[PDB]
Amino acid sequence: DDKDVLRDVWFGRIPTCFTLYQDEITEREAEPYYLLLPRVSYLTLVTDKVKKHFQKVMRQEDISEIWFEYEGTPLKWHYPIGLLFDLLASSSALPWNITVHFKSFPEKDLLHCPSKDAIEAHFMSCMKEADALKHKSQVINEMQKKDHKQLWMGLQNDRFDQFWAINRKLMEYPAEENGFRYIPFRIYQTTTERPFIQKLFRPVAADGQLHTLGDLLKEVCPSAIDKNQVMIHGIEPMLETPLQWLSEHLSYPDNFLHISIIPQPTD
């Protein structure tokens, strides 16, 4: 049923080709590393084997913080992997061609990722922000510290059932209501100046009808409805999809609905 959709989203994989930047100094030729990236996770959390691989062919004096880029665009490690691909490389040929760098970290384009604790801090911030919109922070700020860890460990160890044991609490809402207070979403669009669009939007209408994905877009991004694709988790959902249902079943583990507005493929 709905649980099958949850699993399909959770286990989303992107075939990726990591290639070491041409002007990195190597002891020998570096072979490209192929990897299936988890859509729902973060680059700097799942690429240890990639980091270890290219570090073998580099002197200790030449290794620095690792950073990635796609066609000249530094990849923000704090954006979920699936979002980055959808937004940047979905219309290009598979596999995803990511160039691996070490030197010349672009300070103006990327936040540093100094440790995995930094990642866990960012992930918990996103969850907390999401739940603020959903339950006025009532659900996540009443959880034990043990539960905040189970969420994180669930994400890190690719443990679906472990993660949803806790995350299901964040997907429920009071009986008298028919949805969350506000729906946690972010609308991305490369042609636009702003990083993303995030505003307040209620899932239920006045007469008690469920707002749709189309209603949300009509309200906060009418320009995307004239020609463009509406891409969430690599698929294009019908606009008539209930927004409340989407928030529950197609959110990332951070509880946000990351939506990409991209042009339709040329050929």
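When you see a residue number, it is the position in the sequence shown, counting from 1. Between two forms, the rigid core is the largest collection of C-alphas that superpose within 1.5 Å.
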Comparing 192 to 200 and 121 to 129 where Cα RMS over structures and residues is taken in 6 other deposited structures of this protein (core fit), larger one: 192 to 200
In terms of RMS C-alpha distance in 6 other deposited structures of this protein following rigid core superposition, 166 to 174 and 96 to 104 differ, and the farther one is 96 to 104
For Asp62, record whether it is unmodelled in at least a third of the other compared entries of this protein. yes
Coordinates lacking for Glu27, a third or more of other entries: yes
Could you bin the unmodelled part of the deposited chain lying between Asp226 and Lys227 as none, 1 to 3, 4 to 9, or 10 or more? 4 to 9
Mean C-alpha B-factor higher for 132 to 140, or for 73 to 81? 132 to 140
Please compare 97 to 105 with 160 to 168 and say which has the higher mean C-alpha temperature factor in the record. 160 to 168
Using the temperature factors in the entry, find which of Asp62, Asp48, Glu236, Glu65 has the highest value at its Cα atom. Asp62
Could you look up the Cα B-factor of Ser92 in the entry and say which third of the chain it sits in: lowest, middle or highest? middle
Quick check for you: using the entry's CA B-factors within this chain, is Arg28 in the lowest, middle or highest third? highest
Classify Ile197 as lowest, middle or highest third according to the C-alpha B-factor given in the PDB entry, relative to its own chain. lowest
Just say lowest, middle or highest third for the CA B-factor of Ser41 relative to the other modelled residues in its chain. lowest
Relative to the other modelled residues in the chain, which third contains the C-alpha temperature factor of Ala175: lowest, middle or highest? highest
